[PDB]
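One chain follows as structure tokens, the form solved without this ligand.
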């Protein structure tokens, strides 16, 4: 697949992250992000995807080195970490045909792994509406420790 870029936006306490919920195949919650255009810089793709999905402009806050990148089934997803955005900020998508909802979620209440089905003697993972966000939660928790303490 083609690389995706986006943001992990945090509030002022650093307790909460901003997630978006899509429709149909993208019906769960995740960080706002999307596919790079041809010849587009990562930081510009991130700013654009976040603006389209949330109405918030991260251009003046992105730090070029502050991101978490994961290759997930051979698809790179890089999310720039944007701390300190006020929780009263009013978010409104441009592409409202693709975004159902936009909400803050507590980091400490988000899972950092999905639960198994071992009490059912069944292999695999139970469905989780935070599936897309989950792989970033531990690395974010470790980046926040290392940056802020």
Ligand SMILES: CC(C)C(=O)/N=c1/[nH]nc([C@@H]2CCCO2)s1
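Numbering follows the first chain given and starts at 1.
FYI, the form solved in complex with this ligand isn't displayed, but the following is about it.
Contact check at 4.5 Å (heavy atoms) against this ligand in the deposited complex: none of 13, 16 and 149 pass.
A residue is said to contact a partner when one of its heavy atoms sits within 4.5 Å of a partner heavy atom; residue 141 fails this definition for this ligand in the deposited complex, lying far away. Interface residue remark: residue 27 is counted as part of the site for this ligand in the deposited complex, having a heavy atom within 4.5 Å. Scanning 106 to 131 for heavy atoms within 4.5 Å of this ligand in the deposited complex gives 114, 127, 128, 129, 131 in sequence order.
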